[PDB]
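> This is the structure I have questions about; it appears just below.
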Amino acid sequence: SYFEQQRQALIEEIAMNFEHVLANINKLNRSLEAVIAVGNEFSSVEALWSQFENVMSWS
Amino acid sequence: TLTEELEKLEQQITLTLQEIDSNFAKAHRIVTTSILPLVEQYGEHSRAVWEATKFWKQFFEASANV
């Protein structure tokens, strides 16, 4: 079971790096959500100039 | 002298009346000359300006209507 012991230690090492990456993406995801939350000022503005391009093909 | 001045001033009055009529009709001609077409041209160009504002007003209405 020598290779089984190696398997155990290595899967635990994998779990370490795994959870490490999990924590990284979590702080990052908070950054992502904050970014879009700040960026949601483009509804009426986009709608406004959408109407602009709509009236270009109207007259 | 008496009747002389009477007739003289009477003629002056008649002449002055005709002069007043002349000035009055002159003002009439000025108005009827081209003032009406002038303002028609003014309003025509103004109408064109309204067509100019017809575009940008839509966006202000859109802003009010979100």
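Residues are referred to by chain and number: the chain letter is A, B, ... according to the order shown in the structure tokens, the number counts from 1 in that chain, and ligands are numbered separately from 1 in the order shown.
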Residues at most 12 Å from residue 64 of chain B, counting only C-alpha atoms, excluding those fewer than 5 positions away in the same chain, as a count of residues only?
5
> Using only C-alpha atoms and a cut-off of 12 Å, which residues of chain B sit close to chain A? Please list them as a ChimeraX atom specification.
/B:51,54-66
> In Å, with one decimal, what is the gap from atom CA of residue 50 of chain A to atom CA of residue 48 of chain B?
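A separation of 25.5 Å between them.
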> In Å, with one decimal, what is the gap from atom CA of residue 20 of chain A to atom CA of residue 37 of chain A?
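It comes out at 26.2 Å.
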> Go ahead and compute the interatomic distance for atom CA of residue 38 of chain A and atom CA of residue 19 of chain A, in Å to one decimal.
28.9 Å
